[PDB]
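For reference, the structure discussed in these notes is given below.
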There are 2 protein chains.
Amino acid sequence: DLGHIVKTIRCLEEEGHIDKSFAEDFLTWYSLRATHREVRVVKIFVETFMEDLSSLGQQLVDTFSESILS
Amino acid sequence: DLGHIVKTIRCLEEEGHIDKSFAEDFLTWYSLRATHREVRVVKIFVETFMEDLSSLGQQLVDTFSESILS
């Protein structure tokens, strides 16, 4: 979870939807003072995103592999 | 574009949908020998992903900001 949340927050930050400031605050909050249910809800959001990432990856691989190999 | 493609490929790699090997090959291919149309199609896939990232970011911010602030 924590590893997935950090990786996900990094993706967001790298494209400027959150500033480094919010990233830090989000992670400190998540780790220290997020209630058990708000963690469960964070996990849900991250899981949807993981599914979208899985899909893109499959798409890129499926669509371009043949070309990449030459 | 290129900056967005690299950032996007990094997100994928960080969660093991592609190995560092494919990342490198994908980027070299994209830059050097991807045809103009296959670039247009890559861009489309990346754009869908950018929309999914935008949404997650908004979701996290919208849902948790109040909590993060205390």
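All values below come from the heavy atoms of this structure, side chains included, with hydrogens, waters and symmetry mates left out. In the text below, chain A, chain B and the rest are named by the order of the sequence lines, each starting its count at 1.
- By the 4.5 Å heavy-atom criterion applied to side chains, B:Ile68 and A:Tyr30 are not counted as neighbours.
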Task: Worked check of side-chain contact (heavy atoms from CB on, under 4.5 Å) between B:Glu15 and A:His4 - done: CA-CA 8 Å; B:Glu15 324 247 22; A:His4 287 136; 3.2 Å; yes
- [ ] Using the side-chain contact (heavy atoms from CB on, under 4.5 Å) rule, take A:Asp52 and B:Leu56 through it: C-alpha gap first, then chi angles, then the decisive distance, then the call.
- [x] CA-CA 10 Å; A:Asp52 301 333; B:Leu56 171 64; over 6 Å; no
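- Between the NZ atom of B:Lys43 and the CD atom of B:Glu47 there is a distance of 10.5 Å, given to the nearest 0.5 Å.
- Residue B:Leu2 is grouped with residue B:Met50 when hydrophobic side chains (ILVMFWY) are merged at heavy-atom distances under 4.5 angstrom, including chains of intermediate members.
- For A:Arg10 (side chain) and B:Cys11 (main-chain N/O), no donor-acceptor pair under 3.5 Å exists by modelled atom type.
- In this structure, A:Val39 and A:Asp1 have side chains that are not in contact, with every pair of non-hydrogen atoms separated by 4.5 Å or more.
- The backbone N or O of A:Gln59 sits less than 3.5 Å from a side-chain atom of A:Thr63, completing a donor-acceptor pair.
- Residues A:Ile9 and B:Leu60 form a side-chain contact, since some pair of their non-hydrogen atoms from C-beta on lies under 4.5 Å apart.
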Task: Stepwise side-chain contact (heavy atoms from CB on, under 4.5 Å) test for A:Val41 and B:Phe64 - done: CA-CA 10 Å; A:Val41 180; B:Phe64 303 116; 3.8 Å; yes
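- In terms of heavy atoms, B:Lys7 sits closest to A:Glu14 at NZ-O, 2.6 Å.
- Under the side chain to side chain donor-acceptor pair (under 3.5 Å) criterion, A:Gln58 pairs with A:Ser54, sequence neighbours left out.
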Ignoring hydrogens and angles, write down the donor-acceptor pairs under 3.5 Å from the side chains of residues 18-26 of chain B, residues two or more places apart or on other chains.
unit_1, atom_1, unit_2, atom_2, d
B:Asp19, OD1, B:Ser21, N, 3.4
B:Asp19, OD1, B:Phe22, N, 2.8
B:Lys20, NZ, B:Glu24, OE2, 3.4

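- Applying the side chain to side chain donor-acceptor pair (under 3.5 Å) criterion to A:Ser67, with sequence neighbours excluded, gives B:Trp29, B:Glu38.
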